[PDB]
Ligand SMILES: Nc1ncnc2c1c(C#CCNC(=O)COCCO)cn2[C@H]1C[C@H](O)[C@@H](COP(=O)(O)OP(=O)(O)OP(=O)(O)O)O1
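Single chain ahead, by itself, as structure tokens, in the form solved without this ligand.
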């Protein structure tokens, strides 16, 4: 199983190393036959002479052109003749390309910006993360001593916690008493044990949360100041800090630094991405947070380091639990894209797709276009973003059904064969024109992207076959993450077409894909109604909620299957409309903002909440009352009446005192001035409601919640009166 690739320079020549883990232990392969290279477009094969004599200087030394050979390729299908220029060292390229482009005899240069190591993989058909071999993993976190102001890494590292499959343990240099805490001597001896532990268990992956930006960089300083070789590397090297975009990424040769942060951020949408947040989000558990200010004072005074260890202990357990839930999916995406997991885990859907095509392009002797130069990159970003969707039919509905298209966009691409290599391709005898936009797409021959998309799905098929043909809980899971990956890559193509940085950029393609989509939605939507007596209530790209005004809950279903079959046979190539589910009721308010109820409770649709990143003010209860009052009970006025009985109750001081406390974490400062000289609850009257300011002996709430906390919450859902229609003085 290949883990990664990279290279060493021996006598000026580049040496590629294939960090792989065969059944058993670590192993490093070496290939010193691979030469760097890139293409050139010439105006005349005569100029090849003046070119091969072009040179640049690197490290005071001269960089010449090694060997050249004219090759046959395809640029977007059309045949093309280019020259392949080989060089001795990889770094030679980034230094000679620009001088070769300047040449007037040279029209252009291609494939000159692909990491030598990355290139090795593609050219040599190798594939990272294959087989069923297991990887040893170990997650770790760092707890330091912060003091605002002082330069970074100023203070020493307090502990080195680490999870691993065996059990989370903590490495502290001061003293604490816990069956899982090992005290040492100084801050130095701590970092030495970790290294000895890491070097001992010798893991394949190292899991960290934001380790690319903090953890590792910290250990760096703390190692120089204390003079200590951080030989974390499998070969004895130190973490190499690569610079990506405007951030950093830490590597550990021979190992796989899996920093979750970039990944978690790309997989979930949350207001804050703290470990505590993420954890609960993914497992539904609490997860407590011990703040820096607390760790310090707790360390200096030595007062209860029991928490700083417990905390760090969890931080590792969390990072590991989390890490094991996300590394699988990742390895498959890595395996599918044919690139390192470390790379993949840090790339965007776009770059995944981008890497995918670079591989199949090679395999297809298809020369690859270049990236946009600043001017162009900067242009494609000025593009206009405008999505269509029919406004949701207000009011409550019964016997609602939802129908989505199976992989709409992808299906479209493959059908019509939308591809930058078939866009306006003259010479074909048959085309397909995208609505409104009209871009013509040749059908005479399968287009690059399409051809590929079809295979991705053609294999998506095989993947599911074995899915049942297998009774091994494991094999099915592996296969599962596989099919999931293929799905992703596929649902990435469309966006990629419009990705500013995309080599195979194609706004025309994008536009067309979206247009067709709309034509198919509107097209199907019209049919379902004027042929089967339905009523599309809420619509959205790729799917819609329909139903039959006053119809039999079961009859609709039986009638919702006839239709499908009908438009399905009336639909083109891969376009296939499916059935999603059945809901008894549900009302809609503005696109994406709705809610419905299946046949067994469940707020199901609840996308419309909108809060204050907490429990608001115990006036959330009212929100649920209303929803169920609407979706479940199916009663209109009952919903408005509740609030009318709520705002007519809180004012007359009939609402409990506890159901009005705003336990929020860091207005709040208006009362955050008394506790003095991150989780304090209060009762707007604006006092501290602990065991004081609330005895019922002589208390008084406030109206800052009736018409400012409950109304703003119900208002939206209530649709269709005014706050005044609910306040009723």
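Positions refer to the first chain, counted from 1.
What comes next is about the form solved in complex with this ligand, which is not displayed.
In the bound PDB entry, this ligand lies within 4.5 Å of some heavy atom of residue 409. Shown alone here, residue 606 lies within 4.5 Å of this ligand in the bound PDB entry, counting heavy atoms only. Contact check for residue 578: a heavy atom falls within 4.5 Å of this ligand in the bound PDB entry.
In the bound PDB entry, no heavy atom of residue 598 sits within 4.5 Å of this ligand.
Though this ligand is absent from this view, in the bound PDB entry it lies within 4.5 Å of a heavy atom of just one residue from 91, 522, 541, 267, which is 541. The single contact residue among 439, 460, 620, 584, judged by any heavy atom lying within 4.5 Å of this ligand in the bound PDB entry, is 460.
The stretch among 480 to 488, 499 to 507, 164 to 172, 259 to 267 whose residues place heavy atoms within 4.5 Å of this ligand in the bound PDB entry is 480 to 488.
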